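Worksheet: the structure to be examined is printed underneath.
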There are 2 protein chains.
Amino acid sequence: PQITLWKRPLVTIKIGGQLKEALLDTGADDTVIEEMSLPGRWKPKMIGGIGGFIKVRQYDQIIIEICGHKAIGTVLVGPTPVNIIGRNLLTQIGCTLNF
Amino acid sequence: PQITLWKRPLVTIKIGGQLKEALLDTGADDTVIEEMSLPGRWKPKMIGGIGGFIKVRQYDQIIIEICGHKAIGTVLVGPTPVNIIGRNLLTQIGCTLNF
Ligand SMILES: Cc1c(O)cccc1C(=O)N[C@@H](Cc1ccccc1)[C@H](O)C(=O)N1CSC(C)(C)[C@H]1C(=O)NC(C)(C)C
């Protein structure tokens, strides 16, 4: 699909069998999701945002569906303003910028 | 053009007679640039995200040249870690997300 940017590029995603709203964010290297229960062990990770660096939990090979496209990859969990679908997954669903 | 997301989507921009590297960011509502001098009047504003909030100066009707496309809009100036081209200007150059 083609998504314009007159409004926030928010889509519905599915993780752990639950539907959630998330932002397609080309400015984010990673995918950051609000606090939730994910399977497996996690590793520590520092990500730097507009206001500085924070600590998040990194879960690898997590199954996640984006606007109908299934992806399997790294998902970070921590204090985020909104669910962020970053480049690591956008690339997986073949998302590109065009103008 | 079509830009992949394997790596940060950085482009060169010309703003206020200065050349700068900036990030095409679909997750950003606003355009935020590192400290620089800009014409016209301005007002304070607080913006926040992953690292929390930072205070910036809002300048309106600022012209920015991005990859050959001229765009006019509000530009925020402050202590941002990376120069950000947000949706307010991405729309003006006809930039869309595609997959
Ligand atoms: C989440 C993340 C990573 O895992 C890794 C690197 C950067 C970010 C990140 O937060 N990117 C940010 C901005 C940024 C990029 C590179 C360096 C520093 C900061 C972003 O893509 C965005 O527009 N976001 C993320 S959170 C948000 C939805 C509020 C919005 C935002 O900050 N918007 C304003 C700039 C308008 C505040």
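These numbers come from the heavy atoms of this one structure, side chains and all, not from hydrogens, waters or symmetry mates. Chain letters run A, B, ... following the sequence lines, proteins first, then strands; residues in each count from 1.
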(request) Can you measure from CG (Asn83(A)) to CD1 (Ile15(A)) and round to the nearest 0.5 angstrom? (result) 6.5 Å

(message) So, taking the atom named CD in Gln58(A) and the one named CZ in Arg41(A), what distance separates them when rounded to the nearest 0.5 Å?
(response) 13.0 Å

(request) For residues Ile50(A) and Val82(B), determine if any side-chain heavy atom of one lies less than 4.5 Å from a side-chain heavy atom of the other. (result) no

(request) Side-chain contact test, heavy atoms from C-beta onward, threshold under 4.5 Å: evaluate it for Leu38(B) versus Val77(B) and give yes or no. (result) yes

(request) State, yes or no, whether a side-chain contact exists between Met46(A) and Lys55(A) at a heavy-atom distance under 4.5 Å. (result) yes

(request) Could you check if a side-chain atom of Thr12(B) sits within less than 4.5 angstrom of a side-chain atom of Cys67(B), using non-hydrogen atoms only? (result) no

Please table the atom pairs, donor to acceptor, closer than 3.5 Å between any side-chain atom in residues 88-99 of chain A and protein atoms at least two apart or in another chain.
unit_1, atom_1, unit_2, atom_2, d
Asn88(A), OD1, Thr31(A), N, 3.3
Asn88(A), OD1, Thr31(A), OG1, 2.8
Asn88(A), ND2, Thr74(A), O, 3.0
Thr91(A), OG1, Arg87(A), O, 3.1
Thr91(A), OG1, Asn88(A), O, 3.1
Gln92(A), OE1, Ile72(A), N, 3.1
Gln92(A), NE2, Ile72(A), O, 2.9
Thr96(A), OG1, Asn98(A), OD1, 2.8
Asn98(A), ND2, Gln2(B), OE1, 2.9

(message) Quick one, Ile47(B) and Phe53(B) - any side-chain contact, counting heavy atoms below 4.5 Å?
(response) no

(request) Would you mind reporting whether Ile64(A) and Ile85(A) have side-chain heavy atoms less than 4.5 Å apart? (result) yes

(message) Return the OG1 to NZ distance between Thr4(B) and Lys7(B), rounded to the nearest 0.5 Å.
(response) 9.5 Å

(message) Within this structure, what is the CG-OH distance for the pair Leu76(A) and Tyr59(A), rounded to the nearest 0.5 Å?
(response) 10.5 Å

(message) For the CD atom on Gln61(A), are there more than 12 heavy atoms of other groups (residues, nucleotides or ligands in this structure) within a distance under 6.0 Å?
(response) no

(request) Scan residues 17-27 of chain A for pairs that pass side-chain hydrogen bond (donor to acceptor under 3.5 Å, both in side chains), counting only residues two or more places apart or in two chains. (result) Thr26(A)-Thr26(B)

(request) Applying side chain to side chain contact (heavy atoms under 4.5 Å, CB included), run through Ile33(A) and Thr80(A) and close with a yes or a no. (result) CA-CA 7 Å; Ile33(A) 300 303; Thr80(A) 178; over 6 Å; no

(request) Mind checking the CD-CD1 spacing from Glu34(B) to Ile84(B)? Nearest 0.5 Å is all I need. (result) 11.0 Å

(message) Test: salt bridge (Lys or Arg N to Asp or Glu O under 4.0 Å). Region: residues 63-85 of chain A. Which pairs qualify, not counting sequence neighbours?
(response) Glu65(A)-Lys70(A)

